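In structure tokens, one chain follows: the form deposited in one PDB entry.
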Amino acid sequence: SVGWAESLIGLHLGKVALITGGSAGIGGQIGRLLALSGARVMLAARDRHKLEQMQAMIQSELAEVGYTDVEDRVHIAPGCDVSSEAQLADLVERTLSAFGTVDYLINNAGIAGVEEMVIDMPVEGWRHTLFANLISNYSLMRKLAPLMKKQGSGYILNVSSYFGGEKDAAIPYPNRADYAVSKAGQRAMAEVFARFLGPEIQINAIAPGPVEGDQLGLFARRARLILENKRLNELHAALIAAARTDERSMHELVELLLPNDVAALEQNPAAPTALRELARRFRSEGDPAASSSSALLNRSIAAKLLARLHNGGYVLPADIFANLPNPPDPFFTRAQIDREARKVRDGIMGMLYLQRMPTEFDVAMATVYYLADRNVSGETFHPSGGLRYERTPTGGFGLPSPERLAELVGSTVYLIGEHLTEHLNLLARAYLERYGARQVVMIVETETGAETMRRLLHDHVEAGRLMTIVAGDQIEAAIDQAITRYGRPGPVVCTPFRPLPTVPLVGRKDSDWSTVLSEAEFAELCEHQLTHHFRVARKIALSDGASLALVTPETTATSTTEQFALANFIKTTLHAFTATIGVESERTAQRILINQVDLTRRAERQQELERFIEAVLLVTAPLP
């Protein structure tokens, strides 16, 4: 053979591959190179025209190399939105009707997500990212693994990212928490399901680092989002800072912004120092041709600012920005955007050991070679990598210092949970009886959970030291009620309402898999064990003085091996969230700490509960 395709001819002959997100990017190249390797490929994506173009290019290339009947080797599945369970079912039916059993599931489709800080991230947007990027991967595995096991072989490859972290270390990805969590979950799925899916099925993840074009000059869109986010953060922080030492309401302070005139605000002797200094910064550091140097904000930034203030408990009319003067384009000049873009690019290039951006083709080639390896499962392959970014090793204690524990005297504690009644009882009693907290607000899910805690804590309920709130599916409003009625918290300890499910994770070879964890149950797992913590953190990260502990699920000697796997899946995946929001919290004027406490280790009862109390105290006791 002659030509670079030689390395490929026969490499994957006889295999059927399904590739989601197959019309462009790494997915299109994986589908191209698998087809050149002899596999029959189904390319799934939303846009019909781009899929048709990709299909025609691959078929033409196959013909050049000597394949016949190339129409039988490359099929497409257009209009496939992987965030829709119904459309994933249709994709599997279409693929099995075209080719029969699937050998390779290439879970490649991915959306960028909300691309906002957690405190600006709508809850439904976070959910959408999880459905598109993570739950879709489980869904397709659940539909195709039964046939793979029955035929005796199969392969599931999840296309994760360097920014999903590593097996025992988390990486923050600011303004991308939904994306990072989804990437971490794709990796965690391979790590924890491999022992169940073997020996018939291999499951691995790839985690490329930065790849050419993955931020779509190539960084101008990212640069503009960065500059818009900077303006939002600086305005919010100056308003919060001003409000600390000014008697006016937040409503009246925001009215100072309504002229939308940087020069006017700087010279307004009635404006608080922090807002006059901010305006001086916008002018001093701005581009005279950018309207951001003469105008404070625009409609989009104002909407996000208003939402932060509302979510932090400030009262303002919804129409407060309705008459805001619109700054003339450009809000940021091309000079400013290109400057920030060069900053982004130079930052990434400086982090790469090899000082060179891999291409989509390069990454796909390495991946298609890797797919030939029949002796690996449960691994995360890095087809590009070598980065100087700092990681946070996970899952490595004692009690905090006596001086920090004394700062809990008179504190207000929020505990969130329902299932873990023994933990909630003991933690409430430790804060109240050992460390002199003024009160504990117990936020549960249901009336039955409330009555259970009131019975366990009867003495403190009667004494007015334990209050109970029933949150249902409205945890944000429940936190609002607690703030209004009982005051802002110091310690906030967030445990999951729900236990882990007790269902099998794989089926017997000749079983219909009807009892195996369903696609809807996996979505519920994400809702109860990830989104629960995200919704609490999103609110508490606007609550000055809070120290938030996110607690992952318990495993006991009664727990099944499936529950141990799901606990480990959740621990890994939530660590991506915890690491990311920790960095984002450095940008608000509100001072908050966010830490994760894992109940499942790596495997009398009162000592295991006591170590939990100590771990929680270590991250919720403040410092003088």
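When you see a residue number, it is the position in the sequence shown, counting from 1. The term rigid core refers to the most C-alpha atoms you can superpose between the two forms while keeping them within 1.5 Å.
Among the other PDB entries of this protein that were compared and that flank it with modelled residues, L218 is left unmodelled in a third or more. In the deposited sequence, the stretch from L216 to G217 hides 4 to 9 residues that have no coordinates. In terms of unmodelled positions of the deposited sequence, the stretch from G396 to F397 in this entry skips 1 to 3 residues. As recorded in the PDB entry, 404-412 is the stretch of 404-412 and 238-246 with the greater mean C-alpha temperature factor. Here the stretch with the larger average CA B-factor, out of 321-329 and 514-522, is 321-329. Ranking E115, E166, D72, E191 by the C-alpha B-factor listed in the PDB entry places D72 at the top. Comparing the listed residues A289, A207, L232, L253, the entry records the largest Cα B-factor for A289. Per the deposited record, the Cα B-factor of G38 falls in the middle third when ranked against the other modelled residues of its chain. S136 sits in the lowest third of its chain by CA B factor, as recorded in the PDB entry.
In this PDB entry, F196 carries a Cα temperature factor that places it within the middle third of its chain's modelled residues. Annotation for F577: CA B-factor lies in the lowest third of the chain's modelled residues. For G185, the recorded CA B-factor ranks within the lowest third of the chain. Only modelled residues enter the ranking.
Same protein, other form: the form deposited in another entry, not shown, and the subject of what follows.
No residue of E200, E527, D287, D362 other than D287 has its CA displaced by 2 Å or more between the shown form and the other one when the core is superposed. Annotation for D329: C-alpha shift of 2 angstroms or more between the shown form and the other one, rigid core superposed. Core-aligned CA deviation for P259 between the shown form and the other one: 2 Å or greater. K149 is not among the residues whose C-alpha shifts by 2 Å or more between the shown form and the other one once the rigid core is aligned; its shift stays under 2 Å. The distance between the CA atoms of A112 and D329 is at least 3 Å longer in the other entry than in the form shown here.
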